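Alright, here's a single protein chain in two forms, structure 1 and structure 2, each given by itself as structure tokens.
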Structure 1
């Protein structure tokens, strides 16, 4: 069992290596297939666009201390290292919203207390490295065993819902920035960005997003549909998302006068704010000595960041590596955590962001590599992630190509990923059953062995938990969301059995 406490220290790490690394040649060789190239192309945008957006947001929140270039270099390097040495190479490491919230909060704290923000991050990274060495030594990751389908699916459904809602929020922001008006001030300055309302930008962006989503879904149906020869049908379907990107990008390109926001990458491989910092951060201090009390007091934020990264990455790995996804090469819970957090700490030493495996993107990477016969198999390899990381790193040199990619096309892609991520989740299935008559419920054990109203009460409790988590996320106490998620684990083990019989829980909540 991958989750078992062995007497020997660092047992999880060594068994993880001994279980996965023998498959290295197979991992290298299994990437020789068109589906792998299509997944590479899809995940490249799926990971670069969030990277660019979060880098820009980080640059705005901080005094340009950490910006787009830093995040892009961190993502490229960490992705390459994880793909080459990761136990589960299908995971894709990247920045996340909670990490952005933590870095703005730590920035505010450091500014209030007068410390150096980047040096504080360096010390947080040192603390993270120490904590993870300690945890992996004692095989702490085994606690992830207690995370059942209940918590896994609540987390995954919530994350997908936030993804979709945020994409729609970006569309709404595009509309607000350029409201539909009778008259628009022409010859508006656009040097920093459009400084005022513009004509046809909002509606054209909406059309591009809708078209991209429609074409992606239609090509997916074509992949699952019966028309055309099987080989050509599947080849076209695997490249469905890339084909949609190409079609909508060309459609935008041929429109020569309307303005659609384009994906912009940093000018070159340089620190975003050269005056503020260099490439390497001196732990003692860039301009002033770092207080000793902070050297010792970074343990609390370091533990908070460790909890954030641990819960997200481990729950993402659990979701990705479920038995129903037909993963044979196995998965790693100790080596992956060690790699992710240690690389994050080393990056902090270099003034670069720390990343975590991200759920919508990891699930999308796994799905793009899934071969449907039911799921016949999954093309597990280390080349797709490595190529995605290399492309993310080289994006700075791919400015001419990337300047022609609208942001609305990527919004449509994000909607596609958010919609398709909801498919293999029992919580979503039961939510859908909330509207179907009991006559139409499928043939699943939790339907026959559990009365309709009892399972609907289960789904209602899960929906209440989802609402509570969303309220917490909206509240300025957002960084406490993971801990609230931990409160779900007792709920299944303590409170729910007081209301639900053992057989009903076993049928509804099963591995």
Structure 2
């Protein structure tokens, strides 16, 4: 049973890892791509299985880190600075910050983060995925428009340099099909058909089965082009003309400025905020995560977070061996270059939209947002309807919606590096400003801990 459980924890680890880094590649001009994230996830999984206190957590790239990497990439492109050396110095500031945390007693702010901030954070991260996949679809339709005629001798060796006949519609079809198949396998896992063991096994592999089906569909279409996953053959870096394997803190093409080394403290404090929040939703493990992320930043490798996983690895000392096996197999996943380069990006974007929509379903803020449109006689048995009036809970949800709108406006500004600051500013809003608007009983009934 252990040999079967390590197969399951592979694919559950594989599907975001091949997705996010691909996103990261398209967000970083392949300077920071699939291979860096895969090898970083492998080495950090090995080290976390060997040295971690709690092996129930798994380490991997997540959405908030991707948003921060895009914010820093836009910051560097606007200021003309080098990106990955700034990442190196942010990492150095992370080592010094976390060793100060160890020198102090610990993180005493764990009680200040409430259900308010976690709901706002998760609803913002789920809203980012849908926006990103729809923006990618719009970009594909802008690259290859629906025209009466096309130039049928375009050159495609670096990238398609002109419009193409059926690429945009096939990308839309692949995205919709992958999302639909993932949602229906998720439905089938909770249905009443088939034997229960076989139904649960099939529904547990909902993402890999949909991925395999859509990859087969695109593979058996011969003439139409669809953009594929950019994966190098071996242990090589994604963009060799951009950076080497080891990245010196001084400079690659231009030396790093004196001012931005000491000013690297300000973005590095926000990395620690983002790692702290999503590890709390899912301090020795925080030490290992931040320290390994800062060490891996020297090699141009991504920071990871702490995420929880289902009880399949609990049924596998045994759970530490399973983590080491899945980490070394994630390392060996880069060796399967042909079957990873035959995967379209539209399949991964359908999976991306599926993960966003699935992540929306467990949030009480989303439940109240749906409760805005229902009549008051259809509101459920939950205590925040029986003990809080409909107008008061609607005002509460409207305030949270206003906060989400403020966060989305700030993320759209050029100064989008201040998103963790504005999002941690909701704790002074909850602990100070909300008791002036609401009463007490409504406040312990709405964002009640559980």
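For the two forms, the rigid core is made up of the largest set of C-alpha atoms that agree within 1.5 Å on superposition. Numbering follows the first chain given and starts at 1.
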Based on which rigid part the C-alphas fit better between structure 1 and structure 2, which of 51, 121, 65, 266 occupies a hinge? 266
Degrees of turn, smaller rigid part against larger, between structure 1 and structure 2? 18
Align on the rigid core first, then pass along the CA displacement of residue 113 between structure 1 and structure 2 in angstrom. 9.7
Using a rigid core fit, what is the CA shift at residue 143 between structure 1 and structure 2, in angstrom? 1.0
What's the distance in angstrom the Cα of residue 442 travels between structure 1 and structure 2, core superposed? 1.0
